[PDB]
Structures are given as structure tokens and as C-alpha cells.
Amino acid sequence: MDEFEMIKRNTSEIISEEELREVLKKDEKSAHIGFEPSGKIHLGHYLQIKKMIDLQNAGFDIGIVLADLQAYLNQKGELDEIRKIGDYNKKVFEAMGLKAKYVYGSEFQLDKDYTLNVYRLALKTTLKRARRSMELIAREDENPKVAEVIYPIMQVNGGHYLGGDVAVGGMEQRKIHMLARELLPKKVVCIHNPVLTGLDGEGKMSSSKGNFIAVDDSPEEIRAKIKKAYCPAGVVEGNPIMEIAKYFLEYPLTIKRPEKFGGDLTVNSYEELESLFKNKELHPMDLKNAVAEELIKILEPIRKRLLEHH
């Protein structure tokens, strides 16, 4: 498919599609994403890195912000420990095939002129707006800290310093991105990716909740996690197994079954799989088994590349 449709595929929104099309005409163009460093790199990370790879394949220069200062403000621990996790994340992203340049937020988010602009943004940003933009990002705290409202203006100014053509993030970033769109002059094209459902179906996938498949999980860990995963028959919305099939698997997809239960099945698209499951022609245990074996193979080159370092 053409570069626009490749970038648009499996995204939740593009703000705006018209301006992205204009960006694609340029010979030099850049896209950035930030990640708070995470002890485990899970399928949620992988979904976004795949989107960055789409962009690199469309001729964008990719920048990855290892967001150590934001993680610090978000009570994730001490800076030098966060940065060491950031280094490991960089290796994992490389193992995924990403071709990017990497920087720690702290390399530029602590100089005088940056800090003065954070304070200028602080004068323009209401507390109510800052908290609302952090609702899905802030780590749980019964006594919310000042650091929670510095976080979004820290991030907004980061996008300002980076000065790319495109900013990518999950839908939980949407309010911060729209805050930047109204505090800053220079407008970036925003691409927002969906946020995956946790494996037990209770809320979204997140590193703190341990409700995820990590890209370096063992094949039997993946099988076991999918076995116990929430996957009610006929139910597609909020079904994590259907999400993995939508966002990671390749089509045509073959689902093996005993002929006692209809024999092997071949699905040409995710939509065909959707109605198959909605009409209950496909049992969850047969969905799970095929999702698990195909996912294992997709993650194998990543896991292998990381294991050969030992």
C-alpha cells in the first residue's frame, strides 16, 4: 500500500491527515516518540515501535526520547537507574529492527533556557488542565504530588525543543498533545496508536499492572499467558486475543483445528476473523492456540537477538 495508508494502518487518529500528506512530499522529514523506560518491553511498546518502523520505511528520520526525567517526575525511581533501563530498552528496540537515534530527556530538559520555557508554559497552563492531561499517565497516588502537573508541561516543551514533523504516541498522550497544540505556535502532525487491553481484560495493558506479554517472554510463557487470557466467545471489543490478531499477525492466517471441530481454517483478513468469531464459528481455544503459535514466531527473531547477547 502507499506510504500514507501504511502509516495510517492500525492507528487510532491522525491530526491531521491532510497535513501528514503534505509532510510526506518532503525529502527530509522527522518523527519522534517518547518512552518512559520500562523494565519489560511489552506488546504495547511493540505496537508503537512497529508504527515508527512504518515511518522509517516511509523515509522519516526517527528520534526516540528515552524519557528519563519524565519517568523521574512520575515516581519511577532514580535517574541513573531509569537511564540504565533506558539503555536496555534501546537494545530491545534495535532487536525489533528499528533504525533510530536515541537521546535521554535529561540531556536537554535541564538547561536554563528549557527550564525558563517550562515556567512560561506553567503560567499558561491551569492546574485543572494539567491534571486532566495526566489522568491515564500518572502513577496512582492517593496524595497527588506537584511533580504530576510539572510532567505535562515538561513534555509539551520537549516536543517544542525537538521540532519534528510528526509526533507519535498512544491515545493516552492525546490530551498532552492537544495541550501542546494550543500552548505552542509550531503545530506538529500527531499520530495516535491504540492502547491494548490487558490480558485479563480489566483495563489497559501496562507495565505496572503485569497484565502483558513481553516481547522476550519464553514460548511457554506466551502459551500460558494466552491460555488464561480473557477471551469470551463472540466478544471482540475488549478482547486482548483478538487485538493481538488484529495488530501483530499476518494474513492469510491458518487456524489449525481437529477435523472433529471443522478442520483447519484459513482466514484472509482480520475482518474475516472478526465475523468468524462474532458468529461463533471460531471457538476461543482455537483462536488462542493459533494466536499463540503465530505470536511466538513473530517475536522469535526479537527474543533470539536479545538472547544471543548472553
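Heads up: residue numbers just count along the shown sequence, starting at 1.
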Checklist outcome for this item: Comparing 282-290 with 10-18, the higher average Cα temperature factor in the PDB entry belongs to 282-290
Next on the checklist: Using only C-alpha atoms and the B-factors in the entry, which stretch averages higher, 132-140 or 229-237?
Outcome noted: 229-237
Checklist entry - So among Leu66, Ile49, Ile62, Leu276, who wins on Cα B-factor in the entry? => result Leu276
Next on the checklist: By the CA temperature factor listed in this entry, which of these ranks top: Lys186, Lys145, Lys101, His192?
Outcome noted: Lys186
Next on the checklist: Please place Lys260 in the lowest, middle or highest third of its chain according to the CA B-factor in the PDB entry.
Outcome noted: highest
Item to check | Chain third (lowest, middle, highest) by recorded CA B-factor, residue given as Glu81 | outcome: highest
Checklist outcome for this item: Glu272: CA temperature factor from the record, placed by chain third, in the highest
Next on the checklist: Using the temperature factors of the C-alpha atoms in this entry, rank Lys90 within its chain: lowest, middle or highest third.
Outcome noted: middle
Next on the checklist: Based on the deposited C-alpha B factors for this chain, I'd like to know if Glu28 is in the lowest, middle or highest third.
Outcome noted: middle
